[PDB]
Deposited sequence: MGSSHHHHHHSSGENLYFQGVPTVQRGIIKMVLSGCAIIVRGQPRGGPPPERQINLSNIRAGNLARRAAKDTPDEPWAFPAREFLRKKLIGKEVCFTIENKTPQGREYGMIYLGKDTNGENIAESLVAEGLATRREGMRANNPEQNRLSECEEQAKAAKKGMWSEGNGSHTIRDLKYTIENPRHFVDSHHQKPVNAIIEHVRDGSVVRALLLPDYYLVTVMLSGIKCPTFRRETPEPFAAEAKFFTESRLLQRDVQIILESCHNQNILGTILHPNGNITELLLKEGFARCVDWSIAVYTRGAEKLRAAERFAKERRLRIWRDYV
């Protein structure tokens, strides 16, 4: 196996993994690896109609998300189908470390599809999980693992008022641009768009985005994609919620400005709970240092 290194970008539906390199010249390059010998539940999706989570789809996602997001991994490409790639991923710098599929199957969160030392480990992992009755081998149908996914809040005003600007636990599921996200609100499972109050990063269009838009996307995306966070629901604008993300490592709204990836905006600065004085001040910090969006050649 031609072994390769990477960083976990995200865990997808069916526990396919997105792995990215270090950025050199532009946005980092990404690889979608599907875990080779194993089957996991497909998450909730929608198109002609809403289809719900399969049983054990979401608990599997969470398991690997909580273990992997932003770890350095290594991976092999067991095959390439006619442009999907199949392979193994190991937590750590070398290939004798934790095989993630083995960890998956061991919790009862995945099973093998319809031999060798690798597939012997997985049968062992499957039989340990089937004997201990973990995950989908547990005595049940699994219905309690399926989320009541709501893709629209019925009345945003009431819903924003209901929480009284008290931080709602949340997972960030997608970053459209540097200052708007898709976030999964817990414990209800409302999947909603959240814009950061008081800022606007540059945006994407057509075949050509504004300057630093991919930069700001990457910035917010590398720090927050598939992380547990808390979000202060501060107001709404149509189906979009205005709000502010809390994470231990800092305030993303506050950083984006201080690193010259965003500009203050007047309409939405009033609802910023954490203090409109401080956003105005961090804009000035990046301005005075002539940083990025504030360069003389831009």
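Residues of the deposited sequence lacking C-alpha coordinates fall in the stretches 1 to 21, 104, 137 to 140, numbered from 1.
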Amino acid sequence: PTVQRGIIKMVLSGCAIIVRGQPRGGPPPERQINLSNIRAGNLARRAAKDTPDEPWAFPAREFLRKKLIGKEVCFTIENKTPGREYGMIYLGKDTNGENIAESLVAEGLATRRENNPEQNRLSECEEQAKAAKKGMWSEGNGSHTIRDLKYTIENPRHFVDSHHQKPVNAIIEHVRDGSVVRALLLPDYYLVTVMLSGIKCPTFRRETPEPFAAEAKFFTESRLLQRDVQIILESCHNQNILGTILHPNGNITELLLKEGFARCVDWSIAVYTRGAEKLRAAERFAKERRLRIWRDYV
From here on, numbers count along this sequence of modelled residues.
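The mean C-alpha temperature factor is higher for 269 to 277 when 269 to 277 and 253 to 261 are set side by side. A summary of the deposited B-factors shows that, of 222 to 230 and 105 to 113, the stretch with the larger mean C-alpha value is 105 to 113.
Of the candidates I89, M136, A216, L191, the PDB record gives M136 the highest C-alpha temperature factor. Within the listed group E210, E154, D148, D177, the record reports its top CA B-factor for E154. Sort the chain's modelled residues by C-alpha temperature factor and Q32 lands in the middle third, per the entry.
Remark: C74 belongs to the highest third of its chain, ranked by C-alpha B-factor as recorded. Ranked by C-alpha B-factor against the other modelled residues of its chain, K67 falls in the middle third. Among the modelled residues of its chain, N42 has a C-alpha B-factor that falls in the middle third according to the deposited record.
The entry lists a Cα temperature factor for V160 that places it in the middle third of the chain's modelled residues.
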